[PDB]
Every structure is written in C-alpha cells, then in structure tokens.
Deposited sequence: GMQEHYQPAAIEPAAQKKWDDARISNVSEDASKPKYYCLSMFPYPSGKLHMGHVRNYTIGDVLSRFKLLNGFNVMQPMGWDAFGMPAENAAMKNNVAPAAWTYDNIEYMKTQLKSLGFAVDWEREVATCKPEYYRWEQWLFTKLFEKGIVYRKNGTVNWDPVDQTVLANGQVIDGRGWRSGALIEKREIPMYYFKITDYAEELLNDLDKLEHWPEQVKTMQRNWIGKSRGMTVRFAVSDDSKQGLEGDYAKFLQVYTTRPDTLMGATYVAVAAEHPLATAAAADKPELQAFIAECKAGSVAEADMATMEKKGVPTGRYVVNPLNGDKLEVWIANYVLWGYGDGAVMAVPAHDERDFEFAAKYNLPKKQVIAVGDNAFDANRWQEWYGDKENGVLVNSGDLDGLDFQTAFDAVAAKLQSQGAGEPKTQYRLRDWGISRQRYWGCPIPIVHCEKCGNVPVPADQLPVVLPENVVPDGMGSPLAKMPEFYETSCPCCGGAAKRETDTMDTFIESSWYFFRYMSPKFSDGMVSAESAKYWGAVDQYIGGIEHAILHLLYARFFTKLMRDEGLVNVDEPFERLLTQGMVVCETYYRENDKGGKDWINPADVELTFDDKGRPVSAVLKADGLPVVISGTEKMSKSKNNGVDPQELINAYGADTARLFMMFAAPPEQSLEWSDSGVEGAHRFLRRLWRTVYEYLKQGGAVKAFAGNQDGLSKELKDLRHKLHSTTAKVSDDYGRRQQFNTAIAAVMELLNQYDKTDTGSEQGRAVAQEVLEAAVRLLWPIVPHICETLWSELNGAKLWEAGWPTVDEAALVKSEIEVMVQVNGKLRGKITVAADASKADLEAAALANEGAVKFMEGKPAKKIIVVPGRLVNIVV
C-alpha cells in the first residue's frame, strides 16, 4: 500500500473497477428488492456547478447505502434537453440548438463520470432525441381523441417589433424586454391538457404521501385551490335592466365561499367585461375609461395582490335574495372575468379586501359574525372578523347563532328552495396550456386539413421529427417558415395539409421521464409493462424546491394519465421527496471567483448560478483536490436541506480528513498487516477495547439511522469522525487489539463508502479480500452495546445489610426496588416501612 493519498490516481482506478463489475448496470432482477433513487435530471446548459454536485452526491449517497444493504438500485441520469437556453445560445453563436445541446451533454457526462456516481449509464436518455419524445407525441394523440387534450383560443403576448410571442416574464411594464414596444393581447388557437378534470384526484391523493414534506403538499393544495362555496343569484332590479339580455337581464350570479355572511352583503362588484359593466357604461364615459384601464393590465396574481383595488359605481342595482336589500353594482379591477361568474358580492365586515375597498369609498359595513365577546369596530380591521371557525352569526334572522357550517347548509337549502342559488365547488387550477411558439421543442402531432380540421398524426407515423438543421434567429419560429416541414398530406383524406408548427411545453418531457428510465429502449410504448411492474414508483426523489409545484403537479398528472391508459399501475410517481438546500457563493462583477484573487466589485454571498457567474466549476475542484474531497465537503458542510456556503476552508478540511483516513489505514497495516476482524463474544476483552467496540457499534447504528431514516449526512460523517477519535486514543497493538482495530477500520470504510466511495473502495481492498458490496452494510452487534453491571451496597439506617447487582442503566426506582428486595435489608427492616430511601447511584442505597 502506498503511504500517501493520491486521489488523482485511485479515483479513475476505482471507477474502472465499478464499471467493469457493472454494479450500477441493473435489470428487472426479481431475485433482489428494487430501489429507485432519482435525482432531477439537468438542463444541458454546458457545465455543471457545485449545486448540481450537491444534488447528485446526495442521490448517490442514498443509492450506495441501499446498494450495500442488498437492494437492486436503479439510479438513472439523463438530459432535459429541450428549451430556450439552446435557442438563445443558437442565435448568439449561430449554431444549431441540437449541436450546442449534444456538445454540452458530452462535457457534462464526463464531469458526472469523474465524480463517480453509481449511475446506470445504459439507461441514459436525452429528451431532444426522437426515440424519447415520440412517446409524449403518442400520448398527446391518445388524449386528444378522448378530449383530455383539446384545442381552443387563448391569449398570448404578441410583440409587434420582434414578431414573436413572449412570456409574462419577458414583458416589463407592458413592453417587450428586447424591443420596448407595447405588447398586444392576441387570441390564438392553442392546445390544452384538461388537468381540471383531475383536480380532485390531484388534491386528494396528496394524503397518500405520508413521506413528503408537509410544505410541499401545502403548496400543491394552494395551487389547485379547491373551495367549497355557494353560487348566489341576485335578481336584477326592475329599474336596472336597460341593455341587458338573456339571464344577465334577470339575475346577477356570483360565487362566494362565505355564504354565511350573505346577510352582511352591502354592495356587489363585477368585472369590467361583465355585461352589467358594458350596459351601464354605454352612456357614461367615466365607466368606459375605467373599463379600458382594467383591460389595460395583466391578471397576474403577482401584480394583483399588490394592485391598488379600485372601482366605480354603476347606478344599477340587484336584490339580495335572503333579506331583500337592493345593492348597487360596482365595476372593480379586482374581479377577474373567466374565474367563476365574473362577479362577486362584498361583505366588508368580514373580508379584508372588501373592508379596505369599502373604507376607501365609504360603503356600508354590516356585522353578521361575532367571535365571543370581541368588540366589532366598523373603522378598523381585526383578524377575528374573518374567523371561519370560532364565530356565530348575528343580524341574520333565521340564521342567528349558527356556526359556519350550520349557516352554510342552512343558506344552501334556503337558496335552493327559492331557486336563487346552490352549492358549488370551484378551483383556482386552470387547464394546462402546452403550445409554445418556439422551435427547440417537441413538435405537436397535429395536421391541419381544410376539410378534416385538426387531425392527430397516426401512431405509425410518429414521431413527427423535429428538423435539427435549424439556426433560429429570434423573429419567429423557423418551423413556420419551413414549408418542407409544415407542408404534408392529411392522414384522413390524403389532401394537401399543414403540420402544426408550435412545439410543446418542455415541462412535458420532465412529466414522465422517470418511467422512461424503466425501459428507455422500449419501442412499443412509453414504458414496457414488465419493467413498470418491477420498478413500481420512484422510491426517492431529490431536487430543489423551485420545482416543487408545477413540475411535481405535472408529473403526478401524467402518472394518473398513464395509469388510466394502462401503462402503469401506481397512483403517485414519487414516494419520498428530498429538497436540497441551495449552494451559495460570494459574487464579483464589473465574473467567476476562480478567475479572481483575494480589481473588480466585491459583493456579498448569494446562490450559485450562471446569472452572476458565481458558480464554482467542479472540474477545477476535482483537478485540485479530487472527487471524494468534493463529495465530502458538500455532505459535511451542512444538513442537505440547509443552504451551503462555498468555502476554501471547508474544502481543505475535507481533504485533510481523507488524508487522515488514508494515513490511519496505512499506519495500521504497516504494524502487522491485515488480520481477521474481531467477532463474537467479547467477554475477556479489556475495558478499553470493549469501549471501542461500544463506540463502533453505536456509530454503526447512528450512521444507519442518519442515512436511512433522517437523511442527515453531515452528522453521519461526524459520528465516524468520533469513532476514529476514540480509535486514535486506544491501544490496539495486542492480538485482540489488532482484531478490534481491523473491525473498526472495516466498518469505518464501509460506513463512509456512500459519501467517498473512491478512497473507501481502495482502503477496503487493502484491509479485506472480499468484494465490498458482497460484505455489505455493517451490522450492529447488540452485545457490544451492553455495559458491565454495578454492585450496589444496601444499607438499613446506615448499617450495611446486603448487596445488590444492578444494571449500569438502572434507574433510581430499580435501585430502590432491588434494595427493598434484598434479604439482608428485609431482615433488618423488622416489617416496618421506610420514611425515605436515599439512593446514591453506583455507590449505595440507604433505606430509612
């Protein structure tokens, strides 16, 4: 064995050993328990950074742990390759997005290999390849004919100067980011997934996820935004029907989640596009201007929560169906047309938005809810005003005294009796628009025939192959300018027709890739039945909380869709979820910290990202210190959920520990060579060696619990460090001493193998001749945890009367019980009770 730690030499050697043994190339092995550990696959932007290293090292720690415990572990890697970063680099370097993508994959795959993750590279997928995306095209056509996917007009942001559709993130103050031109709102046909049809399933199945973080489930529930409310119709007053037709002439319909406060409604509000708004503004210019200012804005909830709530009265009136009050209709900029009925009632006394609105315009505020003896003040808002749990109704006639649900059900029956309303469940969830007017993306498998309409491409003709010899300019999708792509024949009638030129939302690729990994070479479906039956669901998922809403929702949606098609038989894709904390680093601009000395503007610390160029290139870290030093630093610096600060100090400390680990095994082997590890009964071992074995097996239990249950890797390393500390303070030079040292070192290297497998694989082979993965995860020797028993003297009134042998973990009650049961004590007690039993643990028990 070489004396000094040489990561640059041993890490490639260890990787070749693992590759030649095919330890990570797994099949559907019914002879082993499966374990599917998945890390969120990355965008091939060019090169990874320490954040990506942290993510994938975490996934590899869990994978290797389960591997050592005999699981058949699948840990697949792949590339989320479609998207805008390629197009922007395409128009910047004048290269095809595909070519820029595949070269990025090349460099990043070698970066990944050099870190030594235990990854089945035979299951690698790249989502921009037709062999992958043909199956989401397949699923699209299947759902399209069932109407789960449908086509309808929707609104987009059109830039008249760049001639491109832009997202809400590229429009700033109503203008394009790279043009500064006023953005038009165009209605264009687009394709949607009817995810609202699955809202109840998507919400309720969250309760199955007993091993998900509660905040992630909470975020899913709020995004879906289910409410149980009341449709309530207000009959239009006789003097306010001018210009209204249809149902709008006879009633105004609203949705509310607080029908228990319908008796406290003081005004009503409609959206600017509401027919009441249009009819009342036909002769009032001020209302036209307010309607125009309303449509001149985005319905973005981000902009609306800070938006100044404004409104104008209309002079029209409707009638509350419960108490007969005539209520004035207002046009309000907070009422959104297309959500519910486009109209709402207002109860300022119990809704904070309605309170501030009615405070600005001095509208009535009528209390209908009381929470105990709390005083109601119509000129201040308290939190208990909107209390839905501890309130009872007042000023409500029949309904006085009821709680929320009792008044709800009571109002429900009354409205249905008068035909003036009924209960209704609504959801904030909108359908999933998947059309993108971009080139680098999955083509939508639709053909437009002037006779047949929107026709899906037959399965035999899939994939619709995206042409890769394209260099986008940015003035519109190149597909719409390539007749050799869009000109085709109609698959229904054979006539001249045009392919759809929009491509799919790139979230679609990441909504099912975890299944494609189960059989990534299957050419008869999305995923083979046999492989789906074997791998079931993802056992462990690891990725940042930035993707905890849409991605997860979409992946869960697709899972149910694929299940309903008979492709899989699980309800939920991911059983456990781990959200790693972000890695941060001090920033510099005028720039990478490696191209900087310790002039440019030195600033503070923030997340590692290509935006500020604050990302430490791991390849420079590996060339400098080694893969194991990189992995150890990440796992040791902080709990995986906590944020991780880059530190040259932390890198050096980790490297010194690997040198210490190497030196420890080398100095042990040079003093006598390898021996059989201690095993069996430890009676006869010295106190110091019994204590070391206690430290050893206590450490094994602690690291096993930290990997498997708590998923805290920094404390697991600290526990092995303490074991080594006690090892260093123990005389292990005797025959029994060497045997225990062998046992300690054989366990330490296996306990650390998931975190630093290169050095541990090498050290193990110097200690033991068996395959490390065959030797398995270290077992706990429970006998090594039992400490010796103590002899306690029993005294009756201070006189020595007997002796008891107690455990080293006996309580004060066990010492009292054993002392009262001793024969010498029971004889000197003369049947008389004890006023006190003074107990000195380990010394004496005095019975008085």
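According to the record, which stretches of the deposited sequence lack C-alpha coordinates? Absent from the structure are positions 1, 592-600, 609-626, 877.
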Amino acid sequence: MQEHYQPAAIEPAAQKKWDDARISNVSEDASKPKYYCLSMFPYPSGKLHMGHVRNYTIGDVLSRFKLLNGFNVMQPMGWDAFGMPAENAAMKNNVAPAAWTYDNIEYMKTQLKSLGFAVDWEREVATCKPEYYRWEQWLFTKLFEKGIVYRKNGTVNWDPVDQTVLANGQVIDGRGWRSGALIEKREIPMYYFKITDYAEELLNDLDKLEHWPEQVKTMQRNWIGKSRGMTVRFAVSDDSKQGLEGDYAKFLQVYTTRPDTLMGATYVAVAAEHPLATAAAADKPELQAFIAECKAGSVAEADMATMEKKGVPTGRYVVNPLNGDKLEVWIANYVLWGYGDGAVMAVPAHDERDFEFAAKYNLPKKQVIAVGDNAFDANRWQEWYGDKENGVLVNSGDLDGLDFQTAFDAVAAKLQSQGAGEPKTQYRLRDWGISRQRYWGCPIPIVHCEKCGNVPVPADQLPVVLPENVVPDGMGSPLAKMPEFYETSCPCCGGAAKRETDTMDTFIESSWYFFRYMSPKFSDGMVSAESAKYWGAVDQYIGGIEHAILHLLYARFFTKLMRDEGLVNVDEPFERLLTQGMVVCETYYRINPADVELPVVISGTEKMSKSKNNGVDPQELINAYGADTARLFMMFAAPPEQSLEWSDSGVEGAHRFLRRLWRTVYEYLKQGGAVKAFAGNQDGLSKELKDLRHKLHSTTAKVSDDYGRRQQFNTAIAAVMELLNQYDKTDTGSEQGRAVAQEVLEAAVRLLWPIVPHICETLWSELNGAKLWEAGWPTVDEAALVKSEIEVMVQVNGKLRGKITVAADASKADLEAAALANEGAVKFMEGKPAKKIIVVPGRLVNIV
From here on, numbers count along this sequence of modelled residues.
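Do the CA atoms of 94-102 or those of 378-386 have the higher mean B-factor in the entry? In the deposited entry, the stretch with the higher C-alpha B-factor mean is 378-386.
Test of understanding: from the entry's C-alpha B-factors, which stretch has the higher mean, 461-469 or 304-312? The stretch with the larger average C-alpha B-factor is 304-312.
If you compare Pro478, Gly544, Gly225, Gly297, which has the highest Cα B-factor in the entry? The record points to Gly297.
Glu597, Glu214, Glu122, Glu484, ranked by C-alpha B-factor: the highest one: Reading the PDB entry, the winner on C-alpha B-factor is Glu597.
By its CA B factor, does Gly246 count among the lowest, middle or highest third of the modelled residues in the chain? For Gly246, the deposited C-alpha B-factor lands in the highest third.
Quick check for you: using the entry's CA B-factors within this chain, is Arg590 in the lowest, middle or highest third? Highest third.
Where the record places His49 (Cα B-factor, split into thirds across the chain): Middle third of the chain for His49's C-alpha B-factor.
For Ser788, the third of its chain into which the C-alpha B factor falls: Highest third.
Sort the modelled residues of this chain by their C-alpha B factor and say whether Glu782 lands in the lowest, middle or highest third. Middle third of the chain for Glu782's C-alpha B-factor.
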